Each structure stands twice: as structure tokens, then as C-alpha cells.
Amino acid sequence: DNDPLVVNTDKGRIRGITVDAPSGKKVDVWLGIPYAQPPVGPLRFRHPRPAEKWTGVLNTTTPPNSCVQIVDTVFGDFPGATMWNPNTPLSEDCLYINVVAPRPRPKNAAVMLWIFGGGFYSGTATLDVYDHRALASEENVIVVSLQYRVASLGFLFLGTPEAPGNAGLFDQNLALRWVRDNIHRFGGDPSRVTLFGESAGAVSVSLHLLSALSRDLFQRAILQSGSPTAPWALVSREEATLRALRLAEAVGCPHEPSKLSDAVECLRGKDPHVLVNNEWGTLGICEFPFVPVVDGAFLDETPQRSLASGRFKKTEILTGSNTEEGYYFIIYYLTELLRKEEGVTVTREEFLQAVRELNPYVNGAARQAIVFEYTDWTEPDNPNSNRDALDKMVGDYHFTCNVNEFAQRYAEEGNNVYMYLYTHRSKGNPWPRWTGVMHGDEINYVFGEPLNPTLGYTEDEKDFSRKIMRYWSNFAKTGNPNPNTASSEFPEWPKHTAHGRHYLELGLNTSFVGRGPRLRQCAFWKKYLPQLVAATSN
């Protein structure tokens, strides 16, 4: 065909469509490309099979079905909560890819590949926050995104072939293989694939750097507020086996570790919606029932041992955190304290009880170390500072410091690292003004949501999106976010070197280069408190 919209993929022909960006610059899109067999019936829980080849021309004009997942209804139809809720029908047949190329169609352009986040229980590529048209057109890159299986449906583990674990990661892996085989046909370069993700998506990106099966499938990596050394990122084979049995028990299935065939058989027979709804039992803050696991094929060691020994992809990294990571998770957890309303505060007594609840696995002498490290000693009983203390202890432990470990371990092995601290509140932010720069706020600006003027983003926010979109794309192209010839509009992002630990603050009216971020609080979590538990355990 002389038509550019039709593209001969390795398994068949697909017809795309030309779509207007919100900027007014046209782009070619291909939405809902089948990259794998629908994991249905006996294929549930297992690793994906490549899609059966088709005869004729399939129209890839519609956003695909999202994977079966729970829906966030705790705050009803609250725009800040519902923006992450899935916007396409929930189906087990969710294994699809979306490609968006700029106009005119490039030759061998840099490929930016988005892997979504939702604590490995939720999320989808089809959300409007992940719109590719801005990032593609404004920066001249092939923006790609994929669906992977989430929750128990993508991460059930029993230490058996029929529930081998990491099925969601192998979904991502098979998509990376697809991009390598086919993205050149859409105007991309297979050798310049940059993986970028947020939260569990950023964790996923880090596991792809560590893993052997995906070591030769991409080039560079961006990691927004996530890393493979996070407490929640992985779970042990011993605990993962028990939770699958708990799921079977809760759903009404045979749930004995002696005979594990009977459990999976009926689990595959159950409705996928009742399966996901009965996952959440008694779990603490920021720990998710079904997440990645050290299986043997994808990963054959814990990410710490890979990181300690130095066994990871020798490539550039761009990573970072936000100032208020914890609040989002302490909103959904701790519901009675921290209500979704304006001007909430925490009294010292309420703060003292929260460290017990937010850290239920630590002795008591360790809990004394936590109350000292996270206290505003200028005004110890300040209701606003005590609320802030809760955000930081959760945010540092579960996100910021784990990004720092990963980034610092990449630095002192020779690779160039570029750390950010995202410090900006959107002017019309639906959440309370005390919540600050929450986990996932950066996403709105990296994907060019302010360039859509039908949303009421300011002029400086539009300039700020254009600013960080360049850093992201510049890095994906050449391995440096910095421009070729420096500018006042585009300040210097220095390397996060091992000896220096520098980072660039990302905000409206700044270019402040700090060091860390928050090295003392991370030193607490990663060095001090571990040996304090080791000392006081006996």
C-alpha cells in the first residue's frame, strides 16, 4: 500500500489514523495493537504467548480494553481519584500496545516507551493523563505505551509451573520484543528505545535494567519516583505462595500447600472480578498483595544482590522523587485521621499513635528512633509539622530513599545519572492545599497535559511542561537532559555523581541545585535503623 496509515507488522497488517494533538499539530496514532495471545482460560496466571497472525487489515483506531482491576470508589467521583480509574472496559483480553508517531513521519527517531504504574494492582495505558500526542509532536519522538496484566491476574505465585509468577513482567518483556521487531516501521529506531515509567512503572523499568531477558531489548531508562529496592516492589517466594493460598481460601477454593494443582485449577475457573476484589486482607501501609517476585527466569536473585554485586545494564539514568510522596497513601490508609478535606492537622498524641500503625513490623526501640528522626524540634507539638512528619516517614521509606539507593549505586559504577526533585503544585489541584506535591504530579507535565488549553493550566505551567518535556526527550535521544548549548530557559542539570550526589530542583521559578535529596533521612532508614533492629532483636 502507498497509504502510510497501514503498517505491515510481523504478524499482520494494521490500519492507524491521523489525530489532532491539543497543540494543533497533527500526529499518526495506532491504538490497540495485539502483541500477544489473550491470556484466557488455562492461560490465566501463565506467561504470555505471542499473538496468532491475522489475515487482512485490522483497524487500530480505538484505545484498547484495560486489564481486570479494582475501581477506586472510596472518594466517589472525585476527579483526583477518578483520573487513575480505568477509562476502557475491564477485560482479561488486555494485552495490547499503542504507538503514536509525529507528523511528518520520522525515519529513525528516538522511541520513548511508557510503562504505567498502579502498585501492580491497577492502572492502564489508555488514561488521558498518559496522552502521547503532546510528547510525540512537541519533542519529535515515537511515544509508545503498553498494557500488562496487573494484580493477582499478573503476579500470582505458588512455586509451580501453572502459577510461575511475574506474568505481568513477561507481558512487558514480550512487548519490548515487539517494539524491537516492529517500531522501525512506524518511524522509530530499535537501538534508541528509552523506557520511562512512574511508581510500579518505574520499578518495572528498574527490573528491566536488572533482568537478563530484557537486557538487550532497550537502551536508556527514566524512573519517576520508583526503584527495584523498594519494600513493596517485591515479595518473597515464601510469602507469595501463602498469599495465593489466602486468595484461594477467600474466593472459596482448595487452599493447601500440599496439593497446589487444585488451587490454580479453580482459580482459573473463577470470575476475574471476584478474584481481584478478595485480594486485600490485613496489610500495612504501602504493601500490595500480589507484586513481582524472584522467579528464576526474569530475575534469579533479589535486586539488592544485583545492585550490590553491580549486575545491571550499563547505561544512563534519569530519576527522581517528589516532595510529598507519602500523603497519597496515608490518605487512603488512615482514613479517620487525615480526612480528604481542607485544613486537617495531627496532634502529638495522634502522631505518636501513627508511627505504631505506619510501622507495625518494628520493635519499639526502633519506634523511638522514628519519632526522633521525624520531629520538628523547632516546634515539637506543631499540628502542621506532625502531619508533615507522617508524609515524610512514609515517603522516604517507600520512595525517595529507594530512588537514591538505585541512583547512587548507578553512579559509583561509572554511569551518568541525573537526579530531580519535583517541587510544583498545579494551581487548580483538586486535592487539599496541605497535601503538597503528591506522588504522581510530575506525570501531568511530562505528558504535556497543560498544552491542552481546554484544561485551565496557567502560562507558566505551560512553559514548565515544555521545559521538563525537553529534558525528558533530550535525555531519551542523547543520554543527557541538558541542551547542546546552555540556556536561561533551560538551566544546567548536573550529573548525580557518586561523590557529589547533586540534583536539579524542578519547579516554576528555580534552578536550585541541591545535594541528595534528603541524605540524612535516607541514611537513617538504610544504615542506622537496620543495625538498631539488629542490636535490639536479641
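One-based numbering along the sequence shown.
Visitor: In the PDB record, does 256-264 or 205-213 carry the higher mean Cα temperature factor?
Guide: Taking the mean B-factor of the alpha carbons in each, 256-264 is higher.
Visitor: Would 117-125 or 98-106 have the larger average of its C-alpha temperature factors, as given in the entry?
Guide: Mean B over CA atoms: larger for 98-106.
Visitor: When the CA B-factors of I222, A411, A151, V74 are compared as recorded in the entry, which is the largest?
Guide: Highest C-alpha B-factor among the listed options: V74.
Visitor: Taking the Cα B-factors listed in the entry, which of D441, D300, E405, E459 comes out highest?
Guide: Largest recorded C-alpha B-factor: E459.
Visitor: By the record's CA B-factor, is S487 among the lowest, middle or highest third of residues in the chain?
Guide: For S487, whose C-alpha B-factor we compare with every modelled residue in the chain, the answer is the highest third.
Visitor: Where does the C-alpha B-factor of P481 rank in its chain, lowest, middle or highest third?
Guide: As the PDB entry reports it, the C-alpha B-factor of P481 lands in the middle third of its chain.
Visitor: Test of reading the entry: by CA B factor among the chain's modelled residues, which third contains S306?
Guide: Middle third of the chain for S306's C-alpha B-factor.
Visitor: Against its chain's modelled residues, does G188's Cα B factor rank lowest, middle or highest third?
Guide: CA B-factor rank for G188: highest third.
Visitor: Determine, from the deposited record, the chain-internal third of the Cα B-factor for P22: lowest, middle or highest.
Guide: Its C-alpha B-factor belongs to the highest third of this chain's values.
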